[PDB]
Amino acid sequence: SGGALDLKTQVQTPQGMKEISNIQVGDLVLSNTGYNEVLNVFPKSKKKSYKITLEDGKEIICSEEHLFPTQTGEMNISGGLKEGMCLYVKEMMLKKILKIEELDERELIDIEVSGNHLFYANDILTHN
């Protein structure tokens, strides 16, 4: 997929939490449906970034096209993901988006995973 995540975003492997900048092809990352294999690590890219903050405090930084599962299907900021909609947090609990804050241009990275193409990122369910 298009878009990307902050380098310091944490994902859960069987060997513990890893920053996504350290993920390699063949790693396993936890989703709502078990561990998905990392099939690709696409090139790092500089993009405008956005911070999403949920009502439980959890945060994630991503690009405008990065997708998240919602009750209406996958959505991104460019496609109208906004405050007052809910994301899923570990384990499939709905939490309101309190804020979406545009930040700065920064390096981001993008991976592809197997299975349902999802993984928990800072304990927020996200699409690859």
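Note that residue numbering begins at 1 and tracks the sequence as displayed.
Just going by the entry, 100-108 versus 114-122 on mean CA temperature factor gives the higher value to 100-108.
Per-chain ranking of the deposited C-alpha B factor places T72 in the highest third.
In this PDB entry, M93 carries a Cα temperature factor that places it within the highest third of its chain's modelled residues. In this PDB entry, the Cα temperature factor of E55 sits in the middle third of its chain's modelled residues. In the deposited entry, the Cα temperature factor of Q12 places it in the middle third of its chain's modelled residues.
Per the deposited record, the Cα B-factor of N36 falls in the lowest third when ranked against the other modelled residues of its chain.
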